[PDB]
Structures are given as structure tokens and as C-alpha cells.
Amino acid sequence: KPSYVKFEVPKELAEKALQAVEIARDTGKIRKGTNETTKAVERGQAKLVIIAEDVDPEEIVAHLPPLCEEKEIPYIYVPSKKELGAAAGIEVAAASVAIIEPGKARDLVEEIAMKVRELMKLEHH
């Protein structure tokens, strides 16, 4: 298990995280790739950040969970980084994706934002 994964995410909740990227890709604006994601977080324009769990080395995305907590931006973990790139609409894999405007997925992001709040309180005791 990676060290940058602060909390475990169930499969069913992670599957909706890909759907949010899929919907917001067509009905909103997302940013695919770790560089675009990092900029979207430090600029404070990212509604939800999605981080992959199969990132090696960790030093590529290990700074997002700390940065997202400072900027008070929710984040959720996805197992596959290739499926993450597929949901963003690119041929290659993606280590992280940032959702700027959810669009039609506005409701789905709210549901994920609540559960990542509850999952974060449980792992923190």
C-alpha cells in the first residue's frame, strides 16, 4: 500500500469518481495530467481532484493530498491510472485529474465530497 494514500476508498465509491470525470469531460471542464492538476489546485479552481493508487515513484503525486488539504479541496483515490486516463479521454494513462467545472456531474461531485469527508474522519479516528 502506498504511503500517500491517507485513507482507503471502497470500490463502488471509486467507480463513481471515474463517472464524474467522464460526465464533466463532456459537460464541463476538467484538467488531465499531474501538471495541469497541480496548477488547478494552487490556483484554487479545482472542484475535485482524483489521484491514482498505482503511481510509482510516489514523488510524482505525493504532494497532492497535502496540497489539497491546505487549499481545502477534496480528493479521492482511484486504483487504476490507465482507467483514469481513459475517463479523461486520452490514449495514455493519467496519474491525476482535476475537475474544474463538473457540469452535469454537479450532483455526483457533491455525493463524492460528502463521502470523502466521512471516510477521512474515520481513518483519523
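A residue's number is simply how far along the shown sequence it sits, counting from 1.
Asks: What stretch has the higher average Cα B-factor here, 87-95 or 70-78?
Replies: Averaging CA B-factors over each stretch, the winner is 70-78.
Asks: Once the chain's modelled residues are ordered by C-alpha B factor and cut into thirds, is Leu13 in the lowest, middle or highest one?
Replies: Highest third of the chain for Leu13's C-alpha B-factor.
Asks: Place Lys104 in the lowest, middle or highest third of its chain's C-alpha B-factors, as listed in the PDB entry.
Replies: Its C-alpha B-factor, which the entry lists for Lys104, ranks in the lowest third among residues of this chain.
Asks: Against its chain's modelled residues, does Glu59's Cα B factor rank lowest, middle or highest third?
Replies: According to the entry, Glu59 has a C-alpha B-factor in the chain's highest third.
Asks: Among the modelled residues of its chain, does the C-alpha B-factor of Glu42 lie in the lowest, middle or highest third?
Replies: Highest third, going by the recorded CA B-factors of the chain.
Asks: Pull the Cα B-factor of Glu110 out of the PDB entry and bin it into the chain's lowest, middle or highest third.
Replies: For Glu110, whose C-alpha B-factor we compare with every modelled residue in the chain, the answer is the highest third.
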